[PDB]
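[1] with the input below, show me the fold.
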Amino acid sequence: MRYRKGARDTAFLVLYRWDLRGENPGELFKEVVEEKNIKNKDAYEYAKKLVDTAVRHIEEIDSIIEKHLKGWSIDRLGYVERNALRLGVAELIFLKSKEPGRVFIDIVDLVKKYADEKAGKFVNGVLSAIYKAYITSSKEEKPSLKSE
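    Numbering: from 1, shown residues only. Now the structure:
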């Protein structure tokens, strides 16, 4: 059984908890595992690390999303999406990458099950928005000072 598949899906819920509690996602995760018969501890632990990929710079991630929001707000409307968005980008570069287009879809497909399917359309599209912004946010490496 692809236990890892579940560990990844649960990632969003952790981020979702931040919207309500906004505290150490590590402790919060412990609360849900209790209700959700995750069982496969491997998955629960693996899941934790997965969400951390998002937390490696959560705030910056929002910023990363904002640069492409063309001014809009990641909060848009749907709540899940807002949190889910961070989890999707977590992969982008934070986790290196690896089939980014498909990576979001699965994650986004997960949203269809939880959050409205219509939101999934926006979730995937907006996810790619960060990708384009990344290539631009790459780096320019300015000169030490030259002044020569």
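[2] gap between stretch 93-108 and the chain center?
    In terms of CA atoms, centre = their mean, to the nearest Å, the centre of stretch 93-108 is found 10 Å from the chain centre.
[3] hmm, I was thinking of stretch 63-81
    Relative to the centre of its chain, stretch 63-81 is centred 12 Å away, using CA atoms, centre = their mean.
[4] go on, stretch 76-84?
    Relative to its parent chain, stretch 76-84 has a centroid offset of 11 Å by CA atoms, centre = their mean.
[5] before we move on, what about stretch 124-137?
    13 Å.
[6] the spatially most central residue of the chain is in what secondary structure piece?
    Nearest to the mean C-alpha position of the chain, by CA atoms, centre = their mean, lies residue 87 at 1.2 Å. Here residue 87 sits within helix 79-89, counting by DSSP states H and E.
[7] buried residues, the very next helix or strand once past that helix. List them.
    Following helix 79-89 in sequence order, the next helix or strand is helix 100-114 (DSSP H and E). Buried residues in helix 100-114, counting neighbours by 16 or more other CB atoms under 10 Å, are found at 100, 103-105, 107-108, 110-111. All C-beta spots, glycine's among them, are computed from the backbone N, C-alpha and C.
[8] OK, contacts around residue 62?
    Contacts for residue 62 (CB atoms under 8 Å, 6 or more residues apart in numbering) come out as 74, 86.
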